[PDB]
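Under our numbering, the very last position in the sequence shown is 1273; numbers go up by exactly one each time.
C-beta: ideal position from N, C-alpha, C; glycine also.
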Amino acid sequence: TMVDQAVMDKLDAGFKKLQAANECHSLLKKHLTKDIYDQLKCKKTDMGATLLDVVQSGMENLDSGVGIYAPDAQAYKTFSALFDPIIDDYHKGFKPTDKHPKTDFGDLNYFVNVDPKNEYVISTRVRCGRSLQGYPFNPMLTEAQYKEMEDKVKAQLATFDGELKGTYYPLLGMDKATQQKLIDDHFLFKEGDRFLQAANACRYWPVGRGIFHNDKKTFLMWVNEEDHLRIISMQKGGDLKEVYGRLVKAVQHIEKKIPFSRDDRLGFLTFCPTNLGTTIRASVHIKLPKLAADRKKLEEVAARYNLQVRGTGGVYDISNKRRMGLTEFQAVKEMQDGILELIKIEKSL
């Protein structure tokens, strides 16, 4: 029972503002009805998060797309009357009684090099995210938790095997020449914009924040950016088998000693409700000169595999749209199958 009336007064003011804002089209404004507001405004999670710790960013930033964040893992349940319709809306059909499948990275030998002669795919990447069991998310973390959590992660990164071993760089104390190198690599992150700041998601900066890469720079992690961990495997060319296998290996090593926050209904729990489920985004940068000239066909084929196409002479970033309701294996399989099909069509034009 949230009993802090000064919190409730800020919520009331924020709700009135939301209601009065006719230009606002956030999912928060859409789905925080008076009935739901009144049901949730007096609730709190065990780690002490209130409704304000969920909604404050969308109340301050009326131009938010979604406008809510999870302050801890429990908030998805405590405030399910708001999270559930927003999840349904954003993920395009994931109802309150729907359930995300159990994790399955699947058969790593299903995956192939989708472009063995290096004719199309410039690079391949697979990214996932995790929250660590026992810790709140960015809106509630204290400086001491950021530190203690970073220590715990660093210790596991230090025991990676030969394929994954590398260098951890704290943001605290980072020199200018190192920062520029990491910028050149596209490996640096920095403090978040107004949407994150209003969520109290960059507090105690840069305590607990850091970057890891393996020696060959085919594996990258961010510690305490928008989730506890962001884990990315990448390389030039089209060897999805190698990229995905490296990601699965790394996650398994971390998890040996650090449990993750996973929910039976929603999958892996994240700070932003847009990144639930598998958390996986598999992508290729690919050059398809002939399909470039028939964008309608490129989009039609992509859509059959639930892939998204974004332009960057026919260079595209092609990535999986789906996060909820499928396994990690399925997600990466549909990417593989869709890129193989696009390449077959390109060759046929």
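Sequence-distant Cβ neighbours of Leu-1200 in its own chain, meaning closer than 8 Å and more than five residues away, are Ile-1011, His-1015, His-1024, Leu-1190, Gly-1191, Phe-1192, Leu-1193, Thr-1194, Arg-1247, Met-1248. Straight across, the Cα-Cα distance linking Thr-1102 with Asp-1085 is about 24 Å. Within the model, the alpha-carbon separation for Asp-1117 versus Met-983 is close to 15 Å. The beta-bridge partner set that DSSP reports for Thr-974 consists of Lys-968. Taking each of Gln-1159, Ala-997, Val-1147, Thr-1021 in turn and checking the Cα distance to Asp-1075, the smallest one comes out for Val-1147.
Contact between the segment 969–977 and the segment 1047–1064 is established, with three or more Cβ pairs separated by less than 8 Å. Fewer than three pairs of CB atoms, one per stretch, sit closer than 8 Å, so the segment 984–1001 makes no contact with the segment 1023–1040. With contacts defined as CB atoms closer than 8 Å, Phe-1111 and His-1137 qualify as a contacting pair. Our two residues, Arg-1219 and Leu-951, have alpha carbons roughly 30 Å apart in a direct line.
For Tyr-1128, the closest of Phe-1007, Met-1145, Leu-1096 by C-alpha to C-alpha distance is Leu-1096. From the listed residues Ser-1047, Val-1038, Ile-1155, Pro-1020, the smallest Cα separation to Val-1077 is found for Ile-1155. Taking a C-beta distance under 8 Å as the contact criterion, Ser-1243 and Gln-1260 do not qualify as a contact pair. As for any alpha helix (DSSP H) of minimum length 4 sitting wholly inside the segment 969–1052, the runs are 975–984, 999–1002, 1004–1014, ordered along the chain. At the C-beta level, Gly-1169 and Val-1208 stay beyond 8 Å of one another.
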